[PDB]
Amino acid sequence: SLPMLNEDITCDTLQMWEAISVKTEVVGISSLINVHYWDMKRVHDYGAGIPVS
Amino acid sequence: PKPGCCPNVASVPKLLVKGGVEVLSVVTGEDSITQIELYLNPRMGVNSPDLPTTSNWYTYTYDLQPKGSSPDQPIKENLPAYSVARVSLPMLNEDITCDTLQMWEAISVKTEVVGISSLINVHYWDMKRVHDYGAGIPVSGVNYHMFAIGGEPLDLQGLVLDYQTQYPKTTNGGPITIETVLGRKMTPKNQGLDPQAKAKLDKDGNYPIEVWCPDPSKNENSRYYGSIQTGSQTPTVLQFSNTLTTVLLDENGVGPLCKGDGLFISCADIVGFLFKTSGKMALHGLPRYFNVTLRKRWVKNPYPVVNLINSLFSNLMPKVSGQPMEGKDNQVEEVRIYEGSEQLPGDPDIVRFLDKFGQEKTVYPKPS
Numbered sequence: 014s015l016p017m018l019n020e021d022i023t024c025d026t027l028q029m030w031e032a033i034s035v036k037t038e039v040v041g042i043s044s045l046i047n048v049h050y051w052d053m054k055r056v057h058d059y060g061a062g063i064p065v066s
Numbered sequence: 113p114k115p116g117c118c119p120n121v122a123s124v125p126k127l128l129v130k131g132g133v134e135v136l137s138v139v140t141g142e143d144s145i146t147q148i149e150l151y152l153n154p155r156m157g158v159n160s161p162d163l164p165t166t167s168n169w170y171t172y173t174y175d176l177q178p179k180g181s182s183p184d185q186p187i188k189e190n191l192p193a194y195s196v197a198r199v200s201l202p203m204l205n206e207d208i209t210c211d212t213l214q215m216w217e218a219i220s221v222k223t224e225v226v227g228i229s230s231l232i233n234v235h236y237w238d239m240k241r242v243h244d245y246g247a248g249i250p251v252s253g254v255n256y257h258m259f260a261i262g263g264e265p266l267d268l269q270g271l272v273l274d275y276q277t278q279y280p281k282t283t284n285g286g287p288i289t290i291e292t293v294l295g296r297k298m299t300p301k302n303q304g305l306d307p308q309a310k311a312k313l314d315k316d317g318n319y320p321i322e323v324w325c326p327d328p329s330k331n332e333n334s335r336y337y338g339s340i341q342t343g344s345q346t347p348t349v350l351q352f353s354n355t356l357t358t359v360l361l362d363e364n365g366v367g368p369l370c371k372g373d374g375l376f377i378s379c380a381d382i383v384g385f386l387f388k389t390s391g392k393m394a395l396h397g398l399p400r401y402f403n404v405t406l407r408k409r410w411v412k413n414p415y416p417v418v419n420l421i422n423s424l425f426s427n428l429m430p431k432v433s434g435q436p437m438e439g440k441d442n443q444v445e446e447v448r449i450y451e452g453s454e455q456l457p458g459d460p461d462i463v464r465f466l467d468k469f470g471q472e473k474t475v476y477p478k479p480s
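Okay, here's the thing in structure tokens:
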């Protein structure tokens, strides 16, 4: 939610919020290497599970 | 570019767009002229052609007869109807510091009845013969056409011919009558006009001609032309041309103002009875063509916006279900007002009030 912000009436002008540079990152990215898990299907016999892909 | 070595022509208003409906969005200058063309298929009891079996007759009623015993009741598709079309308009700029807005206004309406050459089909495969072993009797008798251009929809009042007859009430979008718009069962007082039976029209194929007529009491922003000529097999003469332009200004000098930026066209047309060999006859309409011309005109806003916008919100103006402070049972008892200061009056029990004219007047205490 964005606040009210002062308008004008002589020039019929007003203010609006404008985004300029969004920054982003995935915050759950190092949980992807959780190979040990009680249901992950192994690559072969006595192996590790194949990780999430 | 030499004027003396090249001929000159007259000055004609420049075309800017010619196309469909989606070019009303064009930002024009302060002084433009907009021509818009319409057409209205009449709703003669059969409202739509998409129906599988009942679209055998389009713009025809279904072979109406008198009943023979009171009370009569017609079918939904028995009575004819009007035809309305709110054409869209663009929104136009304003000027808040001088409190003026501009808005559309019609000036000239050109009209013509298309399909007027489809009357002479005297070899129709169900049309009855006027003389035995001969040709067919053409469409004739009752004709009725009434169009209406305007910035607001029409105001039209209940004028039934027999109050005792009952009409099919609206179970789902049905034709509404006096008893639907008022709710109470209709009196014989509405055989003639009755000022507690006004209505506006919003549904095109649902308001019947038979009880409803355009009442010229409240139609300051809608002009309408109409003609009746009624009888059994009377001739019907209608001229049509490409050069009759109806000017539509007022005595004051300005035409209809399209308030709300809608131009409410309104139309109905009946041209004749077609007769059938069995004897059944039916009303048949025709569609009309319109060429209404618009021009942008400045007005003055009568409603102060700052006095108006506060009344709308619940948070900015709270309404509360308190005890009654105006009306018949007002508990607010006495209210004074003080303005300026004069010299000391005779007694503080004296009472003043402003008169009808608007000057102060010390009223005199009479015994009671």
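Protein chains in written order, with this note's numbering: chain A, 14 to 66; chain B, 113 to 480.
Ideal Cβ placement from N, Cα and C applies to all residues, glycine included.
Coarse secondary structure for residue i, derived from DSSP in three states
i: residue 378 of chain B; result: strand
i: residue 36 of chain A; result: coil
i: residue 249 of chain B; result: coil
i: residue 433 of chain B; result: coil
i: residue 371 of chain B; result: helix
i: residue 261 of chain B; result: strand
i: residue 420 of chain B; result: helix
i: residue 14 of chain A; result: coil
i: residue 195 of chain B; result: strand
Residue i burial status per 10 Å Cβ neighbour count (16 or more: buried)
i: residue 346 of chain B; result: exposed
i: residue 194 of chain B; result: buried
i: residue 257 of chain B; result: buried
i: residue 269 of chain B; result: buried
i: residue 319 of chain B; result: buried
i: residue 266 of chain B; result: buried
i: residue 429 of chain B; result: exposed
i: residue 316 of chain B; result: buried
i: residue 475 of chain B; result: exposed
i: residue 465 of chain B; result: exposed
i: residue 384 of chain B; result: buried
i: residue 448 of chain B; result: exposed
i: residue 352 of chain B; result: exposed
i: residue 477 of chain B; result: exposed
i: residue 119 of chain B; result: exposed
i: residue 51 of chain A; result: exposed
i: residue 217 of chain B; result: buried
i: residue 168 of chain B; result: exposed
Range of the contiguous alpha helix (DSSP H) that encloses residue i
i: residue 292 of chain B; result: 290 to 294
Element boundaries [beta strand (DSSP E), containing residue i]
i: residue 405 of chain B; result: 405 to 412
i: residue 269 of chain B; result: 267 to 270
i: residue 396 of chain B; result: 393 to 396
i: residue 386 of chain B; result: 384 to 387
i: residue 55 of chain A; result: Premise fails: residue 55 of chain A is in no beta strand (DSSP E) and is neither H nor E.
i: residue 402 of chain B; result: 400 to 402
i: residue 359 of chain B; result: 357 to 359
Three or more C-beta pairs below 8 angstroms linking the segment 397 to 406 of chain B and the segment 234 to 253 of chain B: Result no; under three Cβ-Cβ pairs closer than 8 angstroms.
In chain order, each beta strand (DSSP E) run of at least 3 residues that lies wholly inside the segment 297 to 348 of chain B: Counting whole runs of 3 or more residues, the segment 297 to 348 of chain B contains the beta strand (DSSP E) stretches 310 to 312, 324 to 326 and 334 to 341.
Please give me, in chain order, every unbroken run of the alpha helix (DSSP H) with length at least 4 that falls completely inside the segment 113 to 178 of chain B. Runs of the alpha helix (DSSP H) lying entirely within the segment 113 to 178 of chain B and spanning at least 4 residues: none are present.
Given 8 angstroms, three or more beta-carbon pairs between the segment 135 to 148 of chain B and the segment 407 to 415 of chain B: Contact between the segment 135 to 148 of chain B and the segment 407 to 415 of chain B is present, because at least three Cβ pairs lie under 8 angstroms.
Decide if the segment 374 to 386 of chain B is in contact with the segment 412 to 429 of chain B; the criterion is three or more beta carbon pairs, one per stretch, under 8 angstroms apart. A contact between stretches requires three or more CB pairs, one per stretch, nearer than 8 angstroms, and the segment 374 to 386 of chain B fails this requirement with the segment 412 to 429 of chain B.
For the segment 262 to 277 of chain B against the segment 295 to 314 of chain B, are there 3 or more C-beta pairs whose distance is under 8 angstroms? The segment 262 to 277 of chain B vs the segment 295 to 314 of chain B: in contact.
Within the chosen definition, does the segment 148 to 161 of chain B reach the segment 189 to 208 of chain B through at least 3 CB pairs nearer than 8 angstroms? The segment 148 to 161 of chain B makes contact with the segment 189 to 208 of chain B; the number of CB pairs closer than 8 angstroms reaches 3 or more.
With three or more beta-carbon pairs closer than 8 angstroms as the criterion, would you say the segment 206 to 224 of chain B touches the segment 182 to 192 of chain B? Pairwise C-beta distances place the segment 206 to 224 of chain B out of contact with the segment 182 to 192 of chain B, as fewer than three of them are shorter than 8 angstroms.
Pairing CB atoms from the segment 356 to 365 of chain B with CB atoms from the segment 212 to 222 of chain B, are three or more of them under 8 angstroms? Touching, yes, given that three or more Cβ pairs across the two stretches are closer than 8 angstroms.
Given 8 angstroms as the limit, is there contact between the segment 162 to 180 of chain B and the segment 436 to 445 of chain B, that is, 3 or more CB pairs closer than that? Two segments are said to touch when three or more pairs of C-beta atoms, one from each, lie closer than 8 angstroms; by this definition the segment 162 to 180 of chain B does not touch the segment 436 to 445 of chain B.
Can you list, in chain order, the residues of the segment 203 to 220 of chain B whose Cβ is nearer than 7 angstroms to any Cβ on chain C? Going by chain labels, chain C is absent from the structure shown, which instead holds the protein chains A and B.
Say whether the segment 127 to 138 of chain B touches the segment 160 to 168 of chain B, bearing in mind that this needs 3 or more beta-carbon pairs closer than 8 angstroms, one atom from each stretch. Counting Cβ pairs under 8 angstroms, fewer than three are found: no touch.
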